[PDB]
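First, one chain by itself in structure tokens, the form deposited in one PDB entry.
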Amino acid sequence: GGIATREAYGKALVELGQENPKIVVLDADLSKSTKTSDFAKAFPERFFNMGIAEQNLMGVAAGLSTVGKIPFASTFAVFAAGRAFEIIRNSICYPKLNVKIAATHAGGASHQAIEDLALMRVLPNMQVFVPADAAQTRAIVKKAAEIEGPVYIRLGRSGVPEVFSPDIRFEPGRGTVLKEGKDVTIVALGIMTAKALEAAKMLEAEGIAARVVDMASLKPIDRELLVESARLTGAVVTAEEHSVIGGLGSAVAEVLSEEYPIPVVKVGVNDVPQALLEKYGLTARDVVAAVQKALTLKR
């Protein structure tokens, strides 16, 4: 029972505020919890909390980034994929502004943005990071503050299992081998990383040794680690709480098809808390099933 990535994000911003005087935080939420958050109390002069439309909040972030601030804009994936999309694309990505978008994803059907990562991935300059747990969130937030350019960080509201130690360092374009195995590689991000580890345990019990790779860095992706995993194991399963189109599965297939073609079987949302994970097919057992399918495709 580790804390939510959204909660880890809030704590990481307080540390960043202490260490980096250029960091500013923007939030359009006017609730009491927001106004009395740790960042709000510790750095009131760098906390921009106003009742303004989400697309306008992104526009403010854009402006502040051009005058020497490093804005972290707290928002929701549904806004990023909808009403704020145009400003993100036209004002932030093409001009390459230094805005960090911290988008909470709630895990109609529209109000669930199942393709947020896909939309951000296709924009120029945008980097897309999906922390697995509290410790990785902190590492991603600190790194995002130091890199130049637009960043999308996907967060969650519910507690998620601990996967990494507190002193992990994050680097864009670098993933992590969490477990070794020669028969298949499972590449996962977000909540699916812990489930990939669970799946690898279940697979061991049936005589299948799975390498498990965390790929929080969805864009830019770790091409060399994917190619090395492909050469060693000969088959990949990707797992993401996201549409199977345009996310991790697509990014991995795009890389391997041009470098070292092997089976890539995608676990994700196919169509449009636990009962919904189960209906969409985002359990450890779903990953197991995908691995069995990946093994049959080896040639």
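Definition used throughout: the rigid core is the maximal C-alpha set that superposes within 1.5 Å between two forms. In case it trips you up, residue 1 is the first one in the sequence shown, and so on.
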- Quick one: classify how much of the deposited chain lacks coordinates between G173 and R174, choosing none, 1 to 3, 4 to 9, or 10 or more. none
- Task: Please count the deposited residues lying between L30 and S31 that the model leaves without coordinates, and give the class: none, 1 to 3, 4 to 9, or 10 or more.
- Result: none
- Item | Of 36 to 44 and 259 to 267, the one with larger mean CA B-factor | 36 to 44
- Report the stretch with the higher mean CA temperature factor, choosing between 109 to 117 and 173 to 181 on the basis of the entry. 109 to 117
- Report the option among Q136, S158, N98, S217 whose CA atom has the maximum B-factor in the deposited record. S158
- So among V141, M202, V227, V128, who wins on Cα B-factor in the entry? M202
- Could you tell me which third, lowest, middle or highest, the C-alpha B-factor of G63 occupies within its chain? middle
- Note on the structure: Sorting the chain's modelled residues by C-alpha B-factor and splitting them into thirds places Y94 in the middle
- Message: Per the entry's values, where does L248 land by CA temperature factor relative to the rest of its chain, in the lowest, middle or highest third?
- Response: lowest
- Note on the structure: Here the Cα B-factor of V291, set against its chain, lands in the third termed lowest
- Taking the C-alpha B-factors as the PDB entry records them, is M50 in the lowest, middle or highest third of its chain? highest
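There is another form of the same protein, the form deposited in another entry; it is not shown, and what comes next is about it.
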- Just one of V163, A200, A145, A81 has a CA that shifts 2 Å or more between this form and the one not shown on a core fit; which is it? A81
- Message: When the rigid core is used for the superposition, does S243 move between this form and the one not shown (threshold: C-alpha shift of 2 Å or more)?
- Response: no
- Message: Aligned on the rigid core, do the two forms place the Cα of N56 2 Å or more apart, comparing between this form and the one not shown?
- Response: no
- By the 2 angstroms cut-off, has the C-alpha of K32 moved between this form and the one not shown once the rigid core is superposed? yes
- Note on the structure: Output row for the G63-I52 CA distance, |change| of 3 angstroms or more in the other entry, reads farther
